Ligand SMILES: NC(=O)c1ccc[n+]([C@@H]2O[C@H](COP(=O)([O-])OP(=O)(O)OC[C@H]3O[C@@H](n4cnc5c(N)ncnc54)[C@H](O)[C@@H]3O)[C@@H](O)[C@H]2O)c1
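Next up is one chain by itself, shown in structure tokens, the form solved without this ligand.
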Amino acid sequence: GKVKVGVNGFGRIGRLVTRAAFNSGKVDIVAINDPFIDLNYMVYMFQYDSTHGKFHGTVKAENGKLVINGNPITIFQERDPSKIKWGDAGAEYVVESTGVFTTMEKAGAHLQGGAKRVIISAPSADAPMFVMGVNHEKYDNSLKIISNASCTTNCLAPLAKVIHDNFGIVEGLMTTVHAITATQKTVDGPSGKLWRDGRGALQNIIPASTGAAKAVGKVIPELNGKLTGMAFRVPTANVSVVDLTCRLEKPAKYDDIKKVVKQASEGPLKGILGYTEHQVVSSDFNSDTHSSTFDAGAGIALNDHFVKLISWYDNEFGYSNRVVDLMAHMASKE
């Protein structure tokens, strides 16, 4: 019943997606492709994680196949995506997580190998974007290549949708305090395009830009041209926070905002948007599957039309779980 999924690239996103798929069980992984990691290294990388701890289960290599919880997984080492025999392994959906094939033309090479549909775990210039709980009902099954946007967009979209539906956002600017990523340098190093990104990650705030706020307009058409922002990269490990400053049409006291956010988090957006009133910190959301958790006590309102909202999100676990959920919904809609 569950759809067969193949993963391209065994980086951070690919490993986390495999972990989420095996933890939730909504889909079955049957093939992985990576031209620079061998089988034993794959076992070592999957077994041990610095951020999320040891894998809860059994992983081993046998007969040239990665066996996780007794499920053999075919391993490929092709560099050209058009040469990967996805159909032979039985994979129906393919997750493109390498981060280098983001356009529709580049990502469509996987279709030649026998895959039916391709999901891009990154923003795409021309592929359609879907965010779970916001516009995933727009999927009609006639699209072969889509996109899951990014972690920041997935965190910002549900809260922005609720706020716009209840009070009518007029314009907003977003600032996100982000954790370090794999593109940063351990010590001040060489950067070709972004000079700031080449500086030492352990001792530099390194202010950075981001197009997630713009992409929210793509996900929600009514908010097109009304959002934008930047980002800061602090020397933390896993958890990021989003800060949204927006102007509302209708008057909205902070208690009303809290009530509507809690109501949305309970019924319609259960498991996607969280709500908390405790004195939480960043480490309290490690390995949390929510796309975004609204922090009631951290926000502040200048008046009835000018507020600042704070939302937490795990940029590793939440995005992978959202990718798995999107694949499951796509399989159900088939």
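All residue numbers refer to positions in the sequence shown, first residue = 1.
Keep in mind the form solved in complex with this ligand is missing from the figure; the text below concerns it.
Q: Can you tell me whether residue 10 touches this ligand? I mean in the deposited bound form, with a 4.5 angstroms heavy atom cut-off.
A: Flag for residue 10 set to yes.
Q: Heavy atoms within 4.5 Å of this ligand in the deposited bound form: does residue 130 have any?
A: Residue-level check for residue 130: no, no contact with this ligand.
Q: Using heavy atoms and a 4.5 Å limit, would one call residue 79 a contact residue for this ligand in the deposited bound form?
A: Residue 79: yes, in contact with this ligand in the deposited bound form.
Q: According to a 4.5 angstroms non-hydrogen atom cut-off, is residue 99 in contact with this ligand in the deposited bound form?
A: Result yes; residue 99 sits at the interface with this ligand in the deposited bound form.
Q: Please determine, with the chain shown alone, which of 33 to 41, 304 to 312, 64 to 72, 266 to 274 has non-hydrogen atoms within 4.5 Å of this ligand in the deposited bound form.
A: One stretch meets the cut-off, namely 33 to 41.
Q: Any residue of 105 to 137 with a heavy atom within 4.5 Å of this ligand in the deposited bound form counts; write them all down in order.
A: Sequence-ordered list: 121, 122.
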